[PDB]
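For reference, the structure discussed in these notes is given below.
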Amino acid sequence: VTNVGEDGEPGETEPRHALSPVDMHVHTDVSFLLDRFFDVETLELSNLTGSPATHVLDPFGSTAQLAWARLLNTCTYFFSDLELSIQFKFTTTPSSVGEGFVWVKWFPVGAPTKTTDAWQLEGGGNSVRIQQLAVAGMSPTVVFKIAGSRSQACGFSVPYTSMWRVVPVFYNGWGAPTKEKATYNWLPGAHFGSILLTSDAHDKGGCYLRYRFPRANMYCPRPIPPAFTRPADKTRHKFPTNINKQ
Amino acid sequence: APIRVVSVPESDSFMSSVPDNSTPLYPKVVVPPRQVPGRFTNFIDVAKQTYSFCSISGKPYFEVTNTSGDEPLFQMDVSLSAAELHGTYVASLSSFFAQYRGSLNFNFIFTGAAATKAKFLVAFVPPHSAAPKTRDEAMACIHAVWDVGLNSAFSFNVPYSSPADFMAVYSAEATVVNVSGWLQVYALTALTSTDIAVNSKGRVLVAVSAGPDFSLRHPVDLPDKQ
Amino acid sequence: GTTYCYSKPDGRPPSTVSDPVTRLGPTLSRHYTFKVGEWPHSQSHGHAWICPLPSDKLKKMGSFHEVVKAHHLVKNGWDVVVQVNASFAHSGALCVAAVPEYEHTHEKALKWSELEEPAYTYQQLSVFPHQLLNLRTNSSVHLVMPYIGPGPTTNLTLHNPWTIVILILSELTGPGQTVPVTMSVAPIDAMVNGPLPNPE
Amino acid sequence: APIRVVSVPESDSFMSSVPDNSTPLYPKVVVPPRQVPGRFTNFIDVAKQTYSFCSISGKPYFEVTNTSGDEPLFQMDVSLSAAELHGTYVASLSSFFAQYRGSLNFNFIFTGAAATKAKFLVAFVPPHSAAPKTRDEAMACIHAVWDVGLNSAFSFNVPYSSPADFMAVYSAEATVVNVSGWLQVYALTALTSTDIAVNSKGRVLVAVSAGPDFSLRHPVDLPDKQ
Amino acid sequence: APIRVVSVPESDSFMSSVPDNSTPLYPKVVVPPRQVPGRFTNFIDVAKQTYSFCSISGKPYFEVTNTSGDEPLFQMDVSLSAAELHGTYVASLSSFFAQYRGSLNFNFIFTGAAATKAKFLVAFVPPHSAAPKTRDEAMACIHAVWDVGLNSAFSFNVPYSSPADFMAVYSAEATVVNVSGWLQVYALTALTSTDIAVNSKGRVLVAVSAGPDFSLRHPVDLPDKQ
């Protein structure tokens, strides 16, 4: 009704002159936001010996009070590639480790996983045994030493290996014919694969896993959960900040 | 033949957001065609093409009754940290960033019965000593008269007015880049009905959208919950 | 007014089935009409009738039901019209949305039920394809949805991509009687795969 | 003049499959011409242009006798991890990869004498509660009628039907990307012969080839034997 | 494939002023348009287009009285370290550099009343045994006669005369590149007034500007205060 300004008639609104651009919406770009390293997960090393289990790279159903957790939960289907940074931080005395090789093995979505120490290295009496699936071969094996290491880390890029054209972040159905409470929001292979960290350190320290998601694509936006509580009616939340009145 | 190279002091460090990729170890994987509808590339677009309902006292609406007048029915300070903007998409998306720029579009939807009618005065009050308490006070400001029964829905744009090019997403004790004023809605007339025993009150749903000039910059990490 | 959810439906056959695909014509996948429930004065904002499509009502989808029942996979969209029967003295409003991969349902999986949505959800349900059903202006919502899912087709026994959420935003006030919520569902561009054995 | 360089943190690590070569220390070796027939460049080609025999109870064939009917003579679940696909080239090649896509071609060769005849019904049954026990049950599915004595050999293609673009090579407790159903062969009629004392049974050899649309991706390392 | 590289000995060192940038970690920030008047790009321009007042005994001027003659009213040695150049822009800007080149422009402004008059002789005396004590001595040098009452302001350029292409900003015990001589101002006549009881003295403000050929090179760090 009437539309634009200053007569005050019913339905009439005053003039507004829209602002000019400046930032160009570059920062709200989906793939820009996800192409950075995020500290998601922290994990323990397995001993060289025994029958270790692989850790699945699935950052999807998180509750973590971190920016990547909510963000990954903003869409229904997701596709992206992956980059990893694995670091190693001592939890004991750094002089406990004189060599400290760490074998990292990455497995594509669908890879077989049973391993037991099976590859023997021999030298002057004593010997060392590594896992059947830690050896360098078909899938990537990375070996880094923690001892004098200036960064006690490694890192590499890996692609989207799932069989699904897109990863369902939410799934209204079951991933298996038997409908068990377990297979509910499920679907097999909705992830990035799995890794196996193995080392004579294992005690002595842990890791720090960071994910970077290059080439991200999101489908079907979903509600974004709050992050903070609701302040009192008619008030404003007040947070500590850079700006703030001294 | 070996190239003379000098190692920078920041040498073996991490730096999380480097503009460069790591070395690939599992080449040549061709990915299946992903048809699938509804891909979005920028969060600002879904913020602009979509509306959420505000949280007025925990409900997505304010009420007019057959007894109203003077006092403001809805009042919220213009800051993304405002309470009534709590459950919204725009407010929630904002927590990922440090600064915002632009307008917010609010649209009120009167859901009182067809046999019901009322008129509202909605005002945008700029920063001031203390917020008006009655409508005769606020009506000196930018305002619009909404006569339901002409249009059941009404859109009002809260403008961006500030000496700074961007304002803060995360508010705190009032600063010059913290708050931009208040949005208030008054009842120009109380609810009238065909039978006050059947319809004594009507609810106005209030929804928010990012305005056409709205923008967000500076991605930030989540601080301790509060 | 018709709202298309994400896009218009297509009749393209699934990229991942090398076995014969049967296109069910309109006269085969017909249309079915249900009463969703009754909206009362006592129910409060946030309350929602959750209607995954179809899975608890597949058995009442006559023709379509018989064909789907005999095959392993199905790709198809839906054409739904939700209505409400209220007088011009009733106040209130719903938000009826079409949600891909809706979940909450505490594994009462694929059963039409009623729940209380959690605030940030009812506030933001409008972020999904939807239409508001304000009792002072309209009585219907019309949504048309394309096939959607992680793969080119699914097994409706184990997955219901689309689920219709009818949510109360403004409570029912006015005359004491309830407002019945009604819904017509019509499978669209249905394609069926791999016939199953005889039921002996 | 020395170039400013920053050492990445993953610096002195190994990474087994880097897409790059090591430094050469024994240059200029010209290798003799290698004529030699039968070079192959891709394993999928030899998998498609070649057939292997299945392992039905340890033998490469199933039998029909003059007493048969109802029950299935051959049954195998559609998974490369199936038992009857055990000694085959396609199954064995597959263990090097994580995922597969496409069809399998099976061809049955009746080796019963020329004085012998029988008819078979071969069906592809999709995933279901539990696999048919008689042919009248399975015949509702995709099937073909093989009358020996028309052609002594018969090719049947097990299709790829799944919501996923690839399925798993390494199966396990039934999942949606583990198994694709069952392949069954029934006797439409029992073996007839010119003299039942001379020929009482006939054997059908069953061979598998990779279908035209078959493919394998994701090379994987061998796990503990089982 | 890995490139043969040789690490220079000055390898992991710092070197504060390297002509190169560090690695960026927060890309793509478009900065708001900064209109704002009065941007300056080179300090020498503001030094040349601007004047400051000297510090003659703590005041920005020297005085002539009705009793003057012979003796110099103002005397300063030509060095940026001179006392009377103390509070000036040119002197202060100079402390950021090691060497200077060029002339200085001094302009005297007579602020005695309109009913007042006097004449000055301003001389540039080159390095010498010891600085003249009377004007008849200095008048043998480069000098100008300023008759107030002709022009109330008078500009005089102290030239650059030296065998070196630049001289030192930071002076010390007299060296050949430390000092360039003296600037003196004498009273050719004492102040005359319409009534000596009302106006007995008049003040000449003295201001300095960088000359057209003035320049500064070699940025230097601030030493201990003195």
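First chain written, first letter: the chains are A, B, C, D and E, and each begins at residue 1.
Here, a contact is a pair of C-beta atoms (placed from the backbone, for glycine too) under 8 Å apart; a residue touches a chain by one contact, two chains touch by 3 or more.
**Student:** Treating subunit D as absent and keeping all other coordinates fixed, how do the remaining chains group by touch?
**Tutor:** Apart from subunit D, the chains cluster as one piece.
**Student:** Which neighbours does subunit B have in common with subunit D?
**Tutor:** Chains touching both subunit B and subunit D: A, C, E.
**Student:** Work out which of D-E or B-E repeats the contact pattern of B-D, with more than half of the residue-numbered contact pairs in common.
**Tutor:** More than half of its contact pairs match B-D, so it is B-E.
**Student:** Could you find the chain whose CA centre sits the greatest distance from that of subunit C?
**Tutor:** Of all chains, E has its centre farthest from that of subunit C.
**Student:** Which one chain sits nearest the middle, judging by mean Cα positions?
**Tutor:** A
**Student:** Just give me the whole-number Å value for how far the CA centre of subunit D lies from that of subunit E.
**Tutor:** 95
**Student:** For subunit C and subunit E, what's the span in angstrom between their mean Cα positions?
**Tutor:** The mean C-alpha positions of subunit C and subunit E differ by 85 Å.
**Student:** Indicate the whole-number Å distance between the mean C-alpha point of subunit A and the mean C-alpha point of subunit D.
**Tutor:** A distance of 37 Å separates the two centres.
**Student:** Indicate the whole-number Å distance between the mean C-alpha point of subunit A and the mean C-alpha point of subunit E.
**Tutor:** A distance of 64 Å separates the two centres.
**Student:** Using the touch rule from the top of the page, what residues of subunit E touch 2 or more other chains?
**Tutor:** Expected reply: 5, 8, 10, 23, 29, 32.
**Student:** So which bits of subunit C are touching at least two other chains?
**Tutor:** Residues 6, 15, 100, 120, 123-124, 127, 148-152, 154, 158 of subunit C each touch two or more of the other chains.
**Student:** For subunit A, which residues are shared contacts with two or more other chains?
**Tutor:** If we look for residues of subunit A contacting two or more partner chains, we find 22-23, 26-27, 76-77, 85, 87, 108, 139-140, 142, 150-151, 153, 155-156, 161, 163-166, 177, 187, 220-221, 223-226.
**Student:** Would you please name all pairs of chains that touch?
**Tutor:** In this structure, the chains touch in these pairs: A-B, A-C, A-D, A-E, B-C, B-D, B-E, C-D, D-E.
**Student:** Quick check on the complex: what are the subunit E residues that touch subunit D?
**Tutor:** These residues of subunit E touch subunit D: 1-2, 5, 8, 10, 18, 20, 23.
**Student:** List the residues on subunit B that touch subunit E in their complex, please.
**Tutor:** That would be residues 1-7, 9-11, 15-19, 165-166, 217-218 of subunit B.
**Student:** In the complex, go through subunit A and note every residue touching subunit E.
**Tutor:** Contacts found on subunit A: 22-24, 26-27, 32.
**Student:** Would you pull the subunit A residues touching subunit C in the complex into a rising list?
**Tutor:** 76-77, 164-174, 177, 179, 181, 184-185, 187, 190, 220-226
**Student:** Quick one: which bits of subunit E touch subunit B in the complex? Just the residue numbers, please.
**Tutor:** Counting only subunit E, the residues touching subunit B are 3-8, 10-14, 22-27, 29, 32.
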